[PDB]
A.B. asks: 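Have a look at the structure that comes next, please.
Naming: A, B, ... by sequence-line order, numbering from 1 per chain.
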Amino acid sequence: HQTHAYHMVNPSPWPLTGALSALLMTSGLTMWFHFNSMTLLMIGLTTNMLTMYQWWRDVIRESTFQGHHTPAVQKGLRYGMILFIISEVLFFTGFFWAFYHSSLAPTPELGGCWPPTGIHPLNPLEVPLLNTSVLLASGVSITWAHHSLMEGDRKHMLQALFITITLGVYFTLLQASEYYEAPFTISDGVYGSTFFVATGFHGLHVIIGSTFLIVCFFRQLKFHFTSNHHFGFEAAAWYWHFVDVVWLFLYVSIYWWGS
Amino acid sequence: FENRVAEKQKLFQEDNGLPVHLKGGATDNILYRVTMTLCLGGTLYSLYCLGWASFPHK
Amino acid sequence: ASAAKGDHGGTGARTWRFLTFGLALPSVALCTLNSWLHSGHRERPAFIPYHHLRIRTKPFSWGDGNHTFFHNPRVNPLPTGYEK
Amino acid sequence: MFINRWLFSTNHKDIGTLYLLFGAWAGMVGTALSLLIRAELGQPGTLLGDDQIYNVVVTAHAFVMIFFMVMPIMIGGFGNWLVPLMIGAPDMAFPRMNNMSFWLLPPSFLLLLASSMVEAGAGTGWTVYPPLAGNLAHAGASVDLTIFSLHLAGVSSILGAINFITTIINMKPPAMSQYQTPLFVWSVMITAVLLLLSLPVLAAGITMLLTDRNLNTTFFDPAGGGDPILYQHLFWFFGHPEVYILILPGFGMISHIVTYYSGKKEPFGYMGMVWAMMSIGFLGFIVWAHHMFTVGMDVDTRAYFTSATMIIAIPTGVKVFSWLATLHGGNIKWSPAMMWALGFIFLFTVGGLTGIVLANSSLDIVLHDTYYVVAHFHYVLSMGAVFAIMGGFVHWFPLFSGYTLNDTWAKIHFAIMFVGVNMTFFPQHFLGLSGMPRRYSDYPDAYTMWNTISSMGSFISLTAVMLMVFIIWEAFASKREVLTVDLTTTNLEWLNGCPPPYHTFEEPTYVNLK
Amino acid sequence: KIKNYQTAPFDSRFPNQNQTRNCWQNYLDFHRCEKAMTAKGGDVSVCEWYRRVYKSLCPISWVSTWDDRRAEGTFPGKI
Amino acid sequence: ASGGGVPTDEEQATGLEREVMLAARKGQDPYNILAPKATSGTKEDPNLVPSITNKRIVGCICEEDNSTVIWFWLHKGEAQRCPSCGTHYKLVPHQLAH
Amino acid sequence: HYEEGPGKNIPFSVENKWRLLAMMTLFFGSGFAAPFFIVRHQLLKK
Amino acid sequence: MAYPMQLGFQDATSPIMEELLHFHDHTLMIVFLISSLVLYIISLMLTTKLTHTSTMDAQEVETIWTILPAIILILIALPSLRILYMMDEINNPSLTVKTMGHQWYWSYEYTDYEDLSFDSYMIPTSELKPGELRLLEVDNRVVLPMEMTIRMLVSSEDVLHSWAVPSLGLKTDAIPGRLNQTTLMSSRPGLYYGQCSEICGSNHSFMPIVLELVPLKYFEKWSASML
Amino acid sequence: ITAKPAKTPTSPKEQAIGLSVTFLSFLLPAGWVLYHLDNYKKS
Ligand SMILES: CCCCCCCCCCCCCCCCCC(=O)OCC(COC(=O)CCCCCCCCCCCCCCCCC)OC(=O)CCCCCCCCCCCCCCCCC
Ligand code: HEA
Ligand code: HEA
Ligand SMILES: CCCCC/C=C\C/C=C\C/C=C/C/C=C/CCCC(=O)O[C@H](COC(=O)CCCCCCCCCCCCCCCCC)COP(=O)(O)OCCN
Ligand SMILES: CCCCC/C=C\C/C=C\C/C=C\C/C=C\CCCC(=O)O[C@H](COC(=O)CCCCCCCCCCCCCCCCC)COP(=O)(O)OCCN
Ligand SMILES: CCCCC/C=C/C/C=C/CCCCCCCC(=O)O[C@H](COC(=O)CCCCCCCCCCCCCCC)COP(=O)(O)OCC[N+](C)(C)C
Ligand SMILES: CCCCCC/C=C/CCCCCCCCCC(=O)O[C@H](COC(=O)CCCCCCCCCCCCCCC)COP(=O)(O)OC[C@@H](O)CO
Ligand SMILES: CCCCCC/C=C\CCCCCCCCCC(=O)O[C@H](COC(=O)CCCCCCCCCCCCCCC)COP(=O)(O)OC[C@@H](O)CO
Ligand SMILES: CCCCCC/C=C\CCCCCCCCCC(=O)O[C@H](COC(=O)CCCCCCCCCCCCCCC)COP(=O)(O)OC[C@@H](O)CO
Ligand SMILES: CCCCCCCCCCO[C@@H]1O[C@H](CO)[C@@H](O[C@H]2O[C@H](CO)[C@@H](O)[C@H](O)[C@H]2O)[C@H](O)[C@H]1O
Ligand SMILES: CCCCCCCCCCO[C@@H]1O[C@H](CO)[C@@H](O[C@H]2O[C@H](CO)[C@@H](O)[C@H](O)[C@H]2O)[C@H](O)[C@H]1O
Ligand SMILES: C[C@H](CCC(=O)O)[C@H]1CC[C@H]2[C@@H]3[C@H](O)C[C@@H]4C[C@H](O)CC[C@]4(C)[C@H]3C[C@H](O)[C@]12C
Ligand SMILES: C[C@H](CCC(=O)O)[C@H]1CC[C@H]2[C@@H]3[C@H](O)C[C@@H]4C[C@H](O)CC[C@]4(C)[C@H]3C[C@H](O)[C@]12C
Ligand code: CUA
Ligand SMILES: [Cu+2]
Ligand SMILES: [Mg+2]
Ligand code: NA
Ligand code: NA
Ligand SMILES: [Zn+2]
């Protein structure tokens with residue numbers, strides 16, 4: 001029997017199924033890019049979702065249902081989430097470097113100018129500005145949800161969190177429409193490359209963060225959170241503010257300054 | 001909805017020796033077998049695909 | 001363009017709901033208006049087969065290999081120009 | 001029970017053991033690749049084929065030694081075994097995520113092996129520069145399998161970094177400050193910070209290469225307005241921190257070994273050692289373009305990268321002198337692990353000094369892309385990182401296994417390896433000064449004598465590697481069980497016996513605050 | 001004026017190892033000058049200094065690609 | 001406006017989290033979250049080291065801000081001295097109802 | 001529980017030293033041989 | 001070129017390369033001294049039965065071994081950067097030559113006056129003439145005028161290469177889409193050899209560079225004859 | 001460090017066998033590939 005406060009985790013298959021899912025997704029992408037087949041990739045995506053589902057399910061079982069998240073355990077999870085977000089910031093930093101490298105020194109092939117000849121950027125005062133207001137608003141509403149939770153107010157937590165998720169979904173549909181309507185593509189030189197890969201990874205993180213908020217919404221419906229203990233919500237709110245801040249950098253850099 | 005966390009706490013704290021990933025009952029076992037079967041089967045398939053791609057095909 | 005509201009007795013849920021409905025969502029509604037007043041299709045420019053655009057170094061892994069993933073026939077020309 | 005224990009582990013020692021076995025197997029692969037390089041160069045003419053098959057071998061040699069041998073052994077192996085025990089913690093912060101960091105590595109290795117079996121392999125150099133690594137000059141799957149191998153290894157180490165930082169910050173005894181934790185623990189924390197910050201940037205760059213190869217982007221393709229040199233910036237922004245990632249845990253183990261076999265209770269200058277590792281970690285992020293002095297950069301940029309690179313000699317020199325001051329007055333035990341550490345101190349210093357030669361961008365014009373660079377980095381890697389690994393392995397093998405090595409054989413092994421590596425790499429300085437390029441499968445005739453000697457050196461090192469396997473076999477074959485270990489009062493990781501029980505520190509240590 | 005041209009002189013606008021923009025600028029300047037002269041019925045001979053500098057500096061294949069793109073209507077620089 | 005419906009920890013914390021929370025209310029630290037405060041360390045006034053078994057490892061920081069910690073097993077019975085600096089420690093074994 | 005102690009905290013048996021020699025021989029030998037056979041494979045293609 | 005059993009740099013052919021030799025001598029002396037000092041101190045720490053194992057104060061001694069290395073670094077950096085900037089100094093070339101890397105050979109363009117360009121390929125070992133050097137000779141040498149300041153511009157029409165001539169202290173990467181500049185000045189006539197210095201595929205080992213430095217009048221007549 | 005005498009002592013003859021087997025496990029497969037290189041290239 002232990003007399004420290006930390007969590008000895010039961011032996012688990014999910015590290016291995018996750019590692020194999022990574023093999024299947026990467027060899028799947030290889031098969032898709034080179035051997036005209038999606039089979040391995042669909043298997044890998046499926047086992048990856050199953051792995052995430054059961055792993056985080058088990059974390060909920062360990063904490064809400066079994067009590068293993070003492071304050072010391074929670075403190076470690078706070079550090080882990082902050083470090084994870086730091087690594088994602090550096091990942092985006094590489095795409096911002098690529099954007100500034102190409103746009104500050106536009107080569108002769110581009111016309112020696114930025115934006116390149118033949119590129120007609122979106123108007124940053126139209127849908128991109130609307131998107132900015134949507135994610136900024138969702139930062140306000142998730143803050144309302146957090147205070148409601150701390151104050152023990154179930155109904156207003158749910159309402160504010162629903163609003164936050166709805167705005168996330170609105171951003172995602174607006175961006176999907178903008179992608180379809182854009183007159184330039186990912187194959188339109190370095191302008192299309194930087195634009196779509198940087199906003200596209202951001203878009204994926206908006207989807208990830210919205211999924212996390214939705215997990216939190218159903219956990220709240222099921223009363224898992226207490227007014228003092230709700231780290232999944234805290235982590236999803238941190239991740240959501242990260243996604244909002246990456247957007248503001250994208251808007252200022254690519255949409256506005258880069259227009 | 002009603003708060004049924006106490007019931008789930010009883011279930012997952014039951015002294016039955018089961019690891020947490022199976023402690024929900026028989027459905028956990030099924031989802032586990034499906035996951036592991038897809039992973040292990042998929043991994044064999046990927047080795048097959050390596051073998052295939054390792055040689056030219058005219 | 002600075003700020004200028006002025007609450008802060010002790011931030012709470014009531015204040016953040018006030019901000020949500022009194023400033024954040026009205027901003028979204030106003031930009032939603034602005035956007036639905038500047039919707040409407042711009043005229044597509046002459047096609048010019050610029051060599052730094054419509055890059056194809058390897059076919060795409062979908063379709064006929066020559067259409068981008070969110071290809072829009074109205075505004076996205078192929079390397080040989082707009083589709084009929 | 002076997003699958004539960006070894007495939008579903010949540011235990012830091014067993015996962016540490018898994019990493020040590022994985023890295024030992026990788027070390028064999030990387031050794032064989034190194035002998036194929038030196039066979040090709042061991043006499044003038046062509047042995048295998050042209051530069052493609054040659055540089056698939058070179059490329060794989062480097063990725064295997066770096067990502068599947070050094071980093072899994074130092075961080076995954078010694079890190080997982082030693083860090084929780086050295087702070088009295090019951091395991092790592094995220095014991096189940098820890099297991100996924102391990103299990104991502106066999107698939108990463110499989111993808112690299114697949115890259116070399118399909119098409120004509122990725123013959124790019126471990127830097128994977130475009131356009132050679134792009135879809136026209138390296139059409140087909142090999143480079144994409146390489147990129148994906150790096151993705152998985154990158155994810156493994158980023159999650160491991162999160163684990164190690166969290167564990168080291170959060171799970172010490174409540175009375176122990178960060179300035180009361182052993183230097184090897186510091187060295188792992190600092191390496192993990194470097195991994196956390198640098199690998200996402202590599203991931204961004206190689207993902208851009210992937211999309212240039214498959215999605216018709218043009219980040220690195222001048223036809224779309226891209227620039228091959230942007231790839232180099234992104235790669236080396238990772239690549240210089242990476243070599244400090246490769247050496248810092250080594251520095252940590254060296255501090256423990258030198259202290260222990262000097263009969264000292266503590267290293268000389270503990271806070272200076274902490275300062276030096278932190279300074280190295282920080283400076284290691286602001287120097288990357290010393291890998292790019294010949295690409296056409298402005299002169300003031302070259303002046304800056306010359307000057308910033310040389311600064312790192314100051315904290316590194318504090319560490320060397322502090323190791324010498326730890327030996328000073330010691331009751332020196334001439335154990336095999338001590339010999340590895342002493343060989344480290346000297347050969348690492350030589351390789352660091354030739355790195356300072358290369359930091360001078362004016363001279364680097366002539367030395368860049370020559371064997372002088374190869375000589376610099378094999379002095380710090382084959383006679384630095386590897387010597388620290390072998391030192392740590394012989395020192396802590398009785399803790400991990402409960403059995404003793406034969407010290408006379410371990411001293412023979414050190415002696416053979418020491419001759420072999422110096423015979424391999426010392427002549428490479430002359431080849432580099434006199435202008436032999438890197439990544440060549442054959443050389444003008446004048447360069448024959450030193451290439452011949454270098455290749456003979458590589459076979460001596462092969463003999464040492466074979467002998468190492470026999471020595472480990474002999475230890476497990478004879479089963480000499482450990483009884484008593486000296487100096488446990490300042491080496492907590494021994495205090496639970498050899499091997500320690502599966503669960504240690506179920507009851508934490510008692511440390512008061514006063 | 002400045003004949004006995006030997007090669008392109010040092011140009012403070014392009015003092016660094018990367019000379020791509022020097023070749024490009026003089027190529028543009030020459031063809032800009034030639035368009036202006038030929039239109040208003042002047043003499044392209046005044047464009048000669050740009051012509052000699054770009055021919056000295058620019059890879060043959062760059063000039064040739066750029067010329068091909070001007071004739072095709074796909075040259076992305078402004079002339 | 002205002003309503004309830006969110007469980008408190010007092011209502012819903014379970015397992016070890018609840019044990020830690022309830023002991024903290026009583027000012028007790030069965031799970032070693034806090035650093036113990038030293039006594040004078042004499043043979044008369046030894047540091048009292050709780051344990052759920054008959055030995056536990058002690059780490060002794062001899063002088064304030066030493067970076068070197070001295071580690072040793074403390075066994076049930078007569079007080080023992082820290083090898084480096086002599087500070088006394090005595091084990092006080094119990095069952096985890098403490 | 002799990003077995004503890006020397007020879008028991010490892011995923012391979014050390015109960016018979018000659019079976020162990022064979023296992024270690026396959027293990028390290030397969031790693032060292034793999035690059036030679038990959039080279040052969042690439043040579044036999046073209 | 002390099003010669004058998006060579007230990008150091010090829011003999012300097014340009015004043016910049018001579019500068020590098022003296023700076024390397026300066027730096028190598030320091031490297032030898034520091035590495036010797038460390039080896040010697042190691043041996044000294046290890047050769048006595050006398051002991052002193054109590055705690056040792058570090059403050060005073062770490063001044064020494066921070067300040068002395070800082071000083072040494074500055075003694076390296078000062079002549080290092082002097083040469084750096086002198087290599088960058090304006091010099092007014094009297095000729096520009098371009099070289100384009102290719103898989104696997106170099107082409108050369110001398111377009112100051114006429115359209116002169118040609119390819120330059122390794123001589124196959126089976127076709128060397130007696131006395132010629134394996135893997136180093138080319139069919140068409142880069143003829144250049146001796147004792148004059150030459151602007152070399154380097155690029156590539158496919159993958160990366162790098163254009164190097166060690167005895168003139170030259171190495172400039174060949175990057176497609178980019179025109180890198182270096183300056184070349186030979187104090188002597190003769191033949192100066194280099195090799196492609198950026199991995200570029202199957203025949204990276206086999207695309208060398210040969211400069212042929214002759215008096216200006218000979219270069220002019222050769223240039224005329226190469227049209 | 002101190003240790004018990006070997007529980008299963010490995011005599012010089014046994015060590016010679018282990019070392020010979022170890023060495024041959026590295027040398028024979030590589031030797032076979034390298035011996036036949038010409039047959040691979042000449043193919
Ligand atoms: C340093 C690692 C350990 C050493 C390993 C090998 C040790 C043996 C050699 C080595 C014995 C130690 C003496 C080193 C230099 C010997 C060659 C030389 O004359 O070098 C000259 C220069 C430039 O040359 C020139 O422009 C002028 C040429 C002058 C020609 C006159 C004839 C000279 C004699 C011929 C040399 C024989 C070739 C040796 C062939 C050697 C093949 C292995 O080349 C270079 O820069 C080489 C750059 C090397 C940078 C690393 C320095 C580390 C030194 C450690 C010494 C501490 C004590 C060692 C004490 C050693 C015991 C630990
Ligand atoms: C363990 C790995 C490791 C380590 C620790 C280092 C450490 C250093 N290296 Fe690195 N290096 C590599 C692995 C490593 N290197 C690799 C793999 C490459 C090639 C990558 C590739 O192209 O594939 C490379 C390439 C490389 C280059 C590029 C050369 C080129 O490609 O043209 C340069 C240039 O500046 C460089 C410099 C340095 C310096 C200054 C240090 C310093 O950190 C060393 C400081 C140490 C000392 C100086 C010794 C101890 C000090 C004293 C005893 C004090 C007194 C000393 C003085 C006063 C000088 N290295
Ligand atoms: C850790 C990094 C590492 C290590 C250890 C080595 C080890 C060796 N390397 Fe290394 N090498 C590189 C990293 C390394 N190399 C890199 C990055 C490159 C550049 C690649 C490129 O240009 O793209 C390179 C390039 C390179 C070349 C230049 C190829 C070229 O330019 O054409 C050569 C040539 O001789 C060479 C030879 C050797 C040899 C003979 C060894 C021998 O010393 C190896 C001998 C064996 C060992 C050191 C044993 C290995 C370890 C174990 C078996 C582990 C034991 C496990 C436990 C105890 C748990 N290497
Ligand atoms: C393509 C179309 C868009 C797609 C979808 C995009 C995103 C949608 C986002 C989610 C929206 C969800 C809405 C949920 C609304 C909740 C209404 C019910 C709750 C409620 O009405 O609560 C009241 C707030 O009301 C309230 O008017 C809430 C009113 C909200 C107002 C929003 C904005 C419209 C206002 C127009 C005014 C313009 C003012 C301009 C000047 C502004 C200067 C700053 C507070 O009352 P209470 O008495 O204290 O009660 C406490 C118990 N509830
Ligand atoms: C909110 C709107 C939707 C946002 C999210 C949309 C999907 C993004 C999915 C994943 C994003 C991840 C990688 C991004 C790669 C490029 C996608 C860029 C975003 C995008 O969707 O770009 C689209 C192109 O998609 C294409 O090529 C094909 C896209 C599908 C193939 C992806 C290939 C896999 C790449 C994997 C990268 C490796 C993973 C990273 C590993 C990191 C490890 C640490 C743009 O369409 P277009 O028709 O060119 O122009 C529009 C003209 N009307
Ligand atoms: C390549 C790297 C080299 C670059 C150049 C570096 C050169 C370094 C040279 C430094 C020389 C410094 C020598 C210091 C030795 C003298 C101190 C000593 O060795 O003596 C100790 C002093 O310890 C005290 O307090 C004070 C603290 C402890 C002093 C001993 C530790 C200092 C040892 C430095 C060792 C350096 C080893 C070589 C590293 C290069 C003990 O002295 P006390 O009188 O207190 O006790 C004696 C008892 N009585 C009083 C009854 C006699
Ligand atoms: C942040 C969220 C709200 C954002 C709302 C927008 C706010 C502005 C921020 C960005 C400011 C720079 C934007 C530059 C855009 C281009 C316009 C420009 O740069 O204009 C110049 C002045 O700009 C200048 O930034 C002068 C400086 C601009 C000041 C704008 C007003 C706000 C200043 C106070 C802000 C509050 C304090 C914030 C806390 C520190 C000159 O005028 P032009 O019109 O060029 O005419 C020249 C004629 O020859 C053309 O025919
Ligand atoms: C289209 C793309 C598909 C593929 C991508 C991924 C898709 C979706 C992923 C969405 C992420 C959902 C994560 C759900 C986590 C639920 C588990 C959880 O939230 O667990 C909480 C702990 O937090 C914790 O582990 C924190 C766990 C944090 C994990 C998540 C961080 C996001 C990671 C996403 C992966 C990003 C990769 C991006 C690469 C470019 C449980 O503790 P509490 O909440 O305090 O409860 C206890 C109380 O009840 C006691 O009173
Ligand atoms: C080219 C295509 C390549 C694709 C490669 C994809 C590879 C990976 C497959 C990933 C499968 C993921 C499965 C879910 C993993 C959840 C991990 C998790 O949530 O880990 C948590 C710790 O990490 C923390 O919090 C904070 C960290 C949360 C991390 C969540 C997972 C991220 C996975 C992607 C990471 C890289 C992202 C990009 C960085 C640049 C919990 O730690 P455990 O030890 O479990 O439990 C501890 C117990 O006390 C909890 O009760
Ligand atoms: C539980 C573990 C699961 C393991 C499952 C293993 C499944 C094996 C199914 C075999 O599928 C092969 O793969 C491709 C698709 O499935 C097909 O190729 C074809 O498939 C594509 C269909 O989208 C086309 O694009 C290409 O033309 C063509 O190569 C091919 O005929 C088919 O035999
Ligand atoms: C870089 C690492 C490599 C290090 C060098 C290896 C050192 C020697 C290993 C010996 O390897 C064996 O050598 C034999 C020759 O001596 C080969 O037999 C070959 O030659 C024999 C004699 O000609 C024939 O009997 C066999 O049938 C024929 O396979 C045999 O296959 C090979 O296993
Ligand atoms: C049924 C539930 C009451 C909470 C509880 O006591 O069970 C109520 C309270 C808050 C409600 C949610 C919030 O009002 C926000 C959303 C508002 C939409 O108009 C309906 C769905 C919406 C998602 C609501 C669904 C549902 O009726 C909720 C979840
Ligand atoms: C102040 C700090 C920690 C002291 C402590 O609390 O124990 C110490 C530890 C290592 C010290 C540094 C190292 O000893 C290296 C340098 C030594 C020089 O003599 C002074 C600056 C110098 C950069 C030192 C400054 C300062 O005294 C440091 C940074
Ligand atoms: Cu061209 Cu190497
Ligand atoms: Cu570096
Ligand atoms: Mg290079
Ligand atoms: Na909270
Ligand atoms: Na050869
Ligand atoms: Zn004490």
A.B. asks: Indicate the atoms forming the closest heavy-atom contact of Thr452(D) with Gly42(D), along with that distance.
C.D. replies: OG1-O, 3.7 Å

A.B. asks: Before giving the answer on side chain to side chain donor-acceptor pair (under 3.5 Å), spell out for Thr46(D) and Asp442(D) the whole-Å C-alpha distance, their side-chain angles and the decisive distance to 0.1 Å.
C.D. replies: CA-CA 6 Å; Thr46(D) 291; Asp442(D) 195 4; 4.6 Å; no

A.B. asks: Using a 4.5 Å cut-off on heavy atoms from C-beta on, say whether the side chain of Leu184(H) contacts that of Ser14(H).
C.D. replies: no

A.B. asks: Is the count of non-hydrogen atoms from other residues, nucleotides or ligands lying under 6.0 Å from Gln43(D) atom CD greater than 12?
C.D. replies: no

A.B. asks: Please tell me whether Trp126(D) and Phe235(D) form a close aromatic pair, meaning their ring centres lie under 6.0 Å apart.
C.D. replies: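 That pair passes the under 6.0 Å test.
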
A.B. asks: Would you check if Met292(D) and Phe305(D) make a side-chain contact, meaning some heavy-atom pair closer than 4.5 Å?
C.D. replies: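 With C-beta onward as the side chain, the pair stays apart.
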
A.B. asks: Is the ring centre of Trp288(D) less than 6.0 Å from the ring centre of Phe238(D)?
C.D. replies: no

A.B. asks: State, yes or no, whether a side-chain contact exists between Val357(D) and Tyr372(D) at a heavy-atom distance under 4.5 Å.
C.D. replies: yes

A.B. asks: Do you know the tightest heavy-atom contact between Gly343(D) and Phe387(D)?
C.D. replies: C-CD2, 3.9 Å

A.B. asks: Of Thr354(D), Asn422(D), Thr349(D), which meets side chain to side chain donor-acceptor pair (under 3.5 Å) against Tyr379(D)?
C.D. replies: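 Answer after filtering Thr354(D), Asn422(D), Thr349(D): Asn422(D).
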
A.B. asks: Taking the six-membered ring for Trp, is the centroid-to-centroid distance between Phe293(D) and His368(D) below 6.0 Å?
C.D. replies: no

A.B. asks: Please examine the side chains of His161(H) and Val159(H), heavy atoms only from C-beta on, and report whether any two atoms are closer than 4.5 Å.
C.D. replies: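 Side chain of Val159(H) against side chain of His161(H), heavy atoms only: contact under 4.5 Å found.
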
A.B. asks: Give, for atom CG of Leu283(D) and atom CD1 of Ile312(D), the distance between the pair rounded to the nearest 0.5 Å.
C.D. replies: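 Going from the CG atom of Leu283(D) to the CD1 atom of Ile312(D) covers 5.0 Å.
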
A.B. asks: As an exercise, state the distance from CE of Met436(D) to CD of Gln195(H), rounded to the nearest 0.5 Å.
C.D. replies: 9.0 Å

A.B. asks: Keeping the roles fixed (side chain from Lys171(H), backbone from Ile365(D)), state whether a donor-acceptor pair exists under 3.5 Å.
C.D. replies: yes

A.B. asks: Of the non-hydrogen atoms in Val128(D) and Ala133(D), which two are nearest, and what is the gap between them?
C.D. replies: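 Taking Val128(D) first and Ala133(D) second, the nearest heavy atoms are O-CB, 3.4 Å.
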
A.B. asks: Can you name the nearest heavy-atom pair linking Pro44(D) to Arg134(H), along with the distance?
C.D. replies: CB-NH2, 3.6 Å

A.B. asks: Could you tell me the separation between the CE atom of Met417(D) and the CE atom of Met390(D), rounded to the nearest 0.5 Å?
C.D. replies: 7.5 Å

A.B. asks: Give, for atom CD1 of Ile345(D) and atom CZ of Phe321(D), the distance between the pair rounded to the nearest 0.5 Å.
C.D. replies: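 Reported to 0.5 Å precision, the distance equals 11.5 Å.
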
A.B. asks: Any heavy-atom pair between the side chains of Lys319(D) and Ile254(D) that's under 4.5 Å?
C.D. replies: no

A.B. asks: Show your working on side chain to side chain donor-acceptor pair (under 3.5 Å) between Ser162(H) and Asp173(H) and close with a plain yes or no.
C.D. replies: CA-CA 4 Å; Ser162(H) 187; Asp173(H) 291 355; 2.7 Å; yes

A.B. asks: Quick one: does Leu327(D)'s side chain get under 4.5 Å of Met338(D)'s, heavy atoms only?
C.D. replies: yes

A.B. asks: Take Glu40(D) and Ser441(D) through the test side chain to side chain donor-acceptor pair (under 3.5 Å) and record every step on the way to the result.
C.D. replies: CA-CA 6 Å; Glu40(D) 177 59 66; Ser441(D) 64; 5.1 Å; no

A.B. asks: Under the 3.5 angstrom rule, does the side chain of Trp106(H) hit a backbone N or O of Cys196(H) as a donor-acceptor pair?
C.D. replies: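 Looks like no, no N/O pair under 3.5 Å.
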
A.B. asks: Please determine whether side-chain contact (heavy atoms from CB on, under 4.5 Å) holds for the pair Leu358(D) and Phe377(D), giving the CA-CA distance in whole Å, both sets of side-chain angles, and the decisive distance to 0.1 Å.
C.D. replies: CA-CA 11 Å; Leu358(D) 289 166; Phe377(D) 65 82; over 6 Å; no

A.B. asks: Show, in sequence, the C-alpha distance, side-chain angles and deciding distance for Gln6(H) and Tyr447(D), and conclude whether the side chain to side chain donor-acceptor pair (under 3.5 Å) test is met.
C.D. replies: CA-CA 8 Å; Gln6(H) 182 174 336; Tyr447(D) 297 108; over 6 Å; no

A.B. asks: Specify the closest pair of heavy atoms between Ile76(H) and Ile356(D), including all atoms of both residues, with the distance to one decimal.
C.D. replies: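 Closest approach of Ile76(H) to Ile356(D): CD1-CG2, 4.3 Å.
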
A.B. asks: Can you tell me how far CD1 of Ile53(D) sits from OG of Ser202(H), rounded to the nearest 0.5 angstrom?
C.D. replies: 10.5 Å

A.B. asks: How close do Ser198(D) and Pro241(D) get, counting heavy atoms only, and between which atoms?
C.D. replies: CB-CB, 3.9 Å

A.B. asks: Within a radius of less than 6.0 Å around CE of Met456(D), do more than 12 heavy atoms belonging to other residues, nucleotides or ligands occur?
C.D. replies: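 No, CE of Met456(D) has 12 or fewer neighbouring heavy atoms, counting only those of other groups under 6.0 Å.
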
A.B. asks: When rounded to the nearest 0.5 angstrom, what is the spacing between OH in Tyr85(H) and CZ in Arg302(D)?
C.D. replies: 8.5 Å

A.B. asks: Can you tell me which residue among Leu133(H), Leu135(H), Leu211(H), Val165(H) is in a side chain to side chain contact (heavy atoms under 4.5 Å, CB included) with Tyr193(H)?
C.D. replies: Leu133(H)

